[PDB]
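Atoms considered below: every heavy atom in the structure, side chains included; atoms not considered: hydrogens, waters and symmetry mates. Heads up: numbering here begins at 1 and tracks the sequence.
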Amino acid sequence: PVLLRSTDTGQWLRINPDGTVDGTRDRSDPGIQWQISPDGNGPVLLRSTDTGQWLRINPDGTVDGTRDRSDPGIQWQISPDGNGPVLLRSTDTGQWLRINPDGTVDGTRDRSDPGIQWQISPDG
């Protein structure tokens, strides 16, 4: 399992009891633990160890959790910036996973956005 921490804001990617996704500065939060699992085709899926929901980005740019394994918005492509943070890009929509200073998580097509860099940290 891994944690995903924003380079820009220092917030960890969190899924909430209500299926919504946002950021937190509180590492004691349970919904911040994820598994990165290649689907074998090139992309990876990001699955919450807490709830089993996959991280989904929708065409409207919202990011949430789903249990629908067939949803096309759960496929992500990792692009590492050297040995540093990575970008996570939707295979379906082309949007990057973004976290904003206010803690909201969504998609953007702006590759220059500072909120799209994520440090992957092991958590067991």
Side-chain angles (χ1 to χ4, degrees):
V2 297
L3 302 188
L4 302 172
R5 194 184 194 216
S6 167
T7 298
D8 181 43
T9 70
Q11 296 170 288
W12 288 275
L13 187 68
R14 174 171 63 178
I15 185 150
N16 298 284
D18 78 342
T20 67
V21 174
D22 71 347
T24 182
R25 280 269 182 101
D26 178 20
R27 231 201 325 159
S28 82
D29 198 283
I32 69 172
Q33 191 180 82
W34 300 89
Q35 286 178 358
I36 297 168
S37 313
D39 68 9
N41 306 132
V44 291
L45 304 194
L46 272 65
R47 196 176 193 178
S48 168
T49 53
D50 270 22
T51 73
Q53 287 160 127
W54 287 279
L55 185 71
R56 173 171 70 172
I57 184 164
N58 306 282
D60 69 356
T62 63
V63 170
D64 63 356
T66 187
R67 298 193 180 277
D68 184 354
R69 171 69 176 83
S70 307
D71 192 296
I74 68 178
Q75 278 79 19
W76 299 91
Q77 197 66 53
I78 291 175
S79 291
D81 189 343
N83 303 131
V86 308
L87 303 191
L88 284 156
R89 192 177 188 188
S90 168
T91 76
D92 183 46
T93 70
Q95 301 168 276
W96 287 277
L97 181 69
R98 176 172 66 176
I99 189 166
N100 304 284
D102 68 5
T104 61
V105 168
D106 65 353
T108 183
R109 296 190 165 79
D110 180 6
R111 199 189 195 275
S112 76
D113 199 292
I116 66 171
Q117 293 185 320
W118 296 91
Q119 193 77 22
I120 301 163
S121 291
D123 194 50

Interatomic spacing from OG in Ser90 to CD in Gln75 - rounded to 0.5 Å: 8.0 Å

Under the side chain to side chain donor-acceptor pair (under 3.5 Å) test, which residues partner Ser28, sequence neighbours left out? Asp26

Is there any side-chain hydrogen bond (donor to acceptor under 3.5 Å, both in side chains) pair reaching into residues 10-19, and which pairs are they, with sequence neighbours excluded? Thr9-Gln11, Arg14-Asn16, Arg14-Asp22, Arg14-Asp29, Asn16-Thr20, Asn16-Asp22, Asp18-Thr20

Holding to side-chain contact (heavy atoms from CB on, under 4.5 Å), I want the full list of residues that pass it with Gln77, two or more places apart in sequence or in another chain. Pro43

Would you mind listing the cluster partners of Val105? Hydrophobic ones only (ILVMFWY), side-chain contacts under 4.5 Å, chaining allowed. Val2, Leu4, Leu13, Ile15, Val21, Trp34, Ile36, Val44, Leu46, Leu55, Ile57, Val63, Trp76, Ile78, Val86, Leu88, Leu97, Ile99, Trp118, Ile120

Please say whether more than 12 non-hydrogen atoms of neighbouring residues, nucleotides or ligands are located less than 6.0 Å from CZ in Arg27. no

Can you pull out every salt bridge (charged side-chain N to carboxylate O under 4.0 Å, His left out) where at least one residue sits in residues 74-95? Sequence neighbours excluded, please. none

